[PDB]
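>>> let me start by giving you these chains from the complex, positioned as in the assembled structure:
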Amino acid sequence: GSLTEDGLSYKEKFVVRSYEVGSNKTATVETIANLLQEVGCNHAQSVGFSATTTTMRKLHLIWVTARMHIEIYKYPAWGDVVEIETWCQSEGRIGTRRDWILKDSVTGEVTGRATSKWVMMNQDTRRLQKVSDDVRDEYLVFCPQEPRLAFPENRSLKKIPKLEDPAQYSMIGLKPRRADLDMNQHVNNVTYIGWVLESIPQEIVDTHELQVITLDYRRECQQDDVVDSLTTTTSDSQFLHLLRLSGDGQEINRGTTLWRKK
């Protein structure tokens, strides 16, 4: 992996592994999501980050994902090489955005694209706050200043409603194991993708390919929490999703998926 010539974006190549593929011998959406996180982390490292800036560490501030949107045209096959380009952009005082472009290394064609919105919050109180000018001049030097959108047109900005009971489908009692946690003992965001997809019926997974997924992150699931995954068909096939705590029903995530017939 390396920063591009202008130092305003980062590229990395990955060879798809045997345990990273599903029944179609192609990478799952969770493997793609993991690769997006890995390339984002390598970009932050290459430009001297933790991605907390120097003023953020003093103030105990962190970037947290508010929304993630992924669109896949072709899932790479086991053994294929995928190239991913990522970059960040400031969204004024609202927060920041990280975008990605996925390409087949052999053909050079765009096989997927993703976008994510991040907000600043105090690490301890979990309270959101606007982006200060001091904590903006430090990260703007690593971002392109003219607009550069992975989704210029679109589905990434759609409003997501709250699923109403009764749900058409459900998977209950979902619990994270130690492998679902990151280096800071927080549940990895890719686990929420898996949990959302668990309530899609197996027949849909067997006859369709996931083309679009949009997730809004509302609250974190702790290590000792138990989650219920709820899905209702809103339609290609479209679904409305909701993850909530198994007991009191407190919302953790909401989302939408769009699936195409194979």
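Looks like it arrived, so ask away. Numbering: from 1, shown residues only, chains lettered A, B, ... in the order given.
>>> quick one, domains of chain A?
Structural domains annotated on chain A: A:2-154, A:169-261, as defined by automatic domain parsing.
>>> right, so of these, which gets closest to residue A:161?
Closest of the domains of chain A to residue A:161 is domain A:169-261, at 6.8 Å (criterion: C-beta to C-beta). Bear in mind the C-beta positions are built from the backbone N, C-alpha and C, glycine included.
>>> just give me how far the closest one sits from the chain centre.
Taking the mean of its C-alpha atoms, domain A:169-261 sits 12 Å from the chain's own mean (C-alpha atoms, centre = their mean, to the nearest Å).
>>> which stretches of chain A form strands?
Per DSSP state E, chain A carries strands over the ranges A:2-3, A:10-15, A:61-72, A:81-91, A:95-104, A:110-122, A:128-129, A:169-174, A:208-217, A:227-233, A:237-245, A:251-261.
>>> make TSV out of the domains of chain A and add distance to residue A:160 and mean neighbour count.
Output for those, formatted as TSV (distance: least, C-beta to C-beta, whole Å; neighbours: other C-beta atoms under 10 Å):
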stretch	distance to residue A:160	mean neighbour count
domain A:2-154	9	17
domain A:169-261	5	17
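>>> distance to residue A:163 for the ones you listed - can I get that in TSV?
Output for the domains of chain A, formatted as TSV (distance: least, C-beta to C-beta, whole Å):
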stretch	distance to residue A:163
domain A:2-154	17
domain A:169-261	4
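>>> how much space between the residue positioned nearest the centre of chain A and residue A:224?
Most central in chain A under C-alpha atoms, centre = their mean is residue A:68, positioned 4.3 Å from the mean C-alpha point. Per C-beta to C-beta, to the nearest Å, residue A:68 is found 25 Å from residue A:224.
>>> same check, this time on residue A:35
For residue A:35 relative to residue A:224 (C-beta to C-beta), the value is 29 Å.
>>> excluding its backbone neighbours, what's nearest residue A:26?
residue A:75 (3.8 Å; C-beta to C-beta, 6 or more residues apart in numbering).
>>> now for that neighbour: which residues touch it?
A:24, A:26, A:27, A:28, A:29, A:32, A:111, A:209 (C-beta atoms under 8 Å, 6 or more residues apart in numbering).
>>> the fourth one: what's it in contact with?
In this case it means residue A:28. A:20, A:21, A:22, A:75.
>>> please redo it, this time with the cut-off set to 7 Å
A:21, A:22 (C-beta atoms under 7 Å, 6 or more residues apart in numbering).
>>> throw chain B onto that model:
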Amino acid sequence: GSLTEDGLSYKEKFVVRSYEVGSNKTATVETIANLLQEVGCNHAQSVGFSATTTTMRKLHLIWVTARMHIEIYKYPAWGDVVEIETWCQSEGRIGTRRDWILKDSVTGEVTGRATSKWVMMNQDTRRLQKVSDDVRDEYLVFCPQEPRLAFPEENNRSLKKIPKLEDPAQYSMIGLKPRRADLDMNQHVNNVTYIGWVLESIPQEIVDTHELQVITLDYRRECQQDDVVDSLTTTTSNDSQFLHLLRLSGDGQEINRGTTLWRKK
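Next up, chain B placed on what we already have:
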């Protein structure tokens, strides 16, 4: 990755990823186990398998893991490059063995080693059978003929007998269910998920103050996609040892048994 010069073993390098590490910023045992599987799969592909031979595919036969033994001296850090060498050996008509050696690419020192015993089984009936001459002659050309053991020692931990944990267990984690990410390309539960499930009943305080040095797992039965498992652990012991058992949540049918050895950080 590539076969070595003699074509009797295979090496591959991996750079440890951010999501592959735990609290110490080092690879978890599940990441190591995943890498062992990946290098084994690349070795079979390099020598023409897909690891069923031509006679095996004709008779609906497959290799299945009976026992897995891993010993880790140093877990690689996030960003470190680890080199893994793997090879197979015939164990007469009993079955086959796949061994691995893990090294730090920078220092060249052995940071870990693993061994696994595989048995031949009919894919549909799940009935075991001894290795015939026709199958043996097809895979022996890809194996070193003189002994090559990752665990040579005459009284090593890889060959120890594992007893069945007796109720009541000291610790337990109940209601464990596999999700779609725990399945392989053939919709079977990945063996690395059983490692995770075994480790779930180790108390968090032990995980926080110790590093896992050795893990031995005996595979008895496969967990289906709609099965629910209970993970049971009892301390048997500067070092801590545990006896483990995974069984079906309902009738208590055994799926796996194992042992772990942990050392103080």
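>>> can you check the contacts of residue A:75 again with chain B included?
A:26, A:27 (C-beta atoms under 7 Å, 6 or more residues apart in numbering or on different chains).
>>> ditto for the one 10 residues further on
Contacts here follow C-beta under 7 Å, 6+ apart; on that basis residue A:85 touches A:9, A:11, A:100, A:101.
>>> take these and write them to TSV, including distance to chain B.
As requested, these are arranged in TSV below (distance: C-beta to the nearest C-beta, whole Å):
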residue	distance to chain B
A:9	19
A:11	15
A:100	15
A:101	20
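>>> just give the nearest non-adjacent residue to residue A:219, would you?
Residue nearest to residue A:219 in three dimensions, not counting chain neighbours: residue A:252, with 5.1 Å by C-beta to C-beta, 6 or more residues apart in numbering or on different chains.
>>> how near is the one you found to residue A:92?
Applying C-beta to C-beta to residue A:252 and residue A:92 gives a distance of 28 Å.
>>> check residue A:113 too.
Distance from residue A:113 to residue A:92, by C-beta to C-beta: 23 Å.
>>> do residue A:55 as well
For residue A:55 relative to residue A:92 (C-beta to C-beta), the value is 17 Å.
>>> so the residue nearest to the centre of chain A touches residue A:216, yeah?
No - Residue A:68 is beyond contact range of residue A:216, at 8.5 Å (criterion: C-beta atoms under 7 Å).
>>> need the residues of chain A near chain B, please.
A:17-19, A:21-23, A:25, A:28, A:30, A:34, A:37-38, A:41, A:173, A:177-179, A:182-183, A:185, A:188, A:194, A:197-198 (C-beta under 7 Å from any C-beta of the partner chain).
>>> now the nearest residue to residue A:172 once chain neighbours are set aside, which residues is it bridged with?
Distances taken as C-beta to C-beta, 6+ apart put residue A:228 closest to residue A:172, at 4.6 Å, once the chain neighbours are dropped. On the basis of DSSP bridges, residue A:228 is bridged to residue A:244.
>>> does residue A:228 touch residue A:247 like I think?
No - the criterion here is C-beta under 7 Å, and residue A:228 misses it with residue A:247 at 9.2 Å.
>>> thinking again about what came up before, which residues touch the residue nearest to residue A:219?
A:218, A:219, A:221, A:227, A:243, A:244, A:245.
>>> also residue A:124?
Residue A:124 neighbours (C-beta under 7 Å, 6+ apart): residue A:60.
>>> run the last query once more with 10 Å
Contacts for residue A:124 (C-beta atoms under 10 Å, 6 or more residues apart in numbering or on different chains) come out as A:60, A:62.
>>> in terms of secondary structure, what does the longest helix along chain A contact?
In chain A, taking DSSP state H as the definition, the longest helix is helix A:29-46. In terms of contacts (3 or more C-beta pairs under 10 Å, 6 or more residues apart in numbering or on different chains; DSSP states H and E), helix A:29-46 is packed against strand A:2-3, strand A:10-15, strand A:61-72, strand A:81-91, strand A:95-104, strand A:110-122, helix A:189-198, strand A:208-217.
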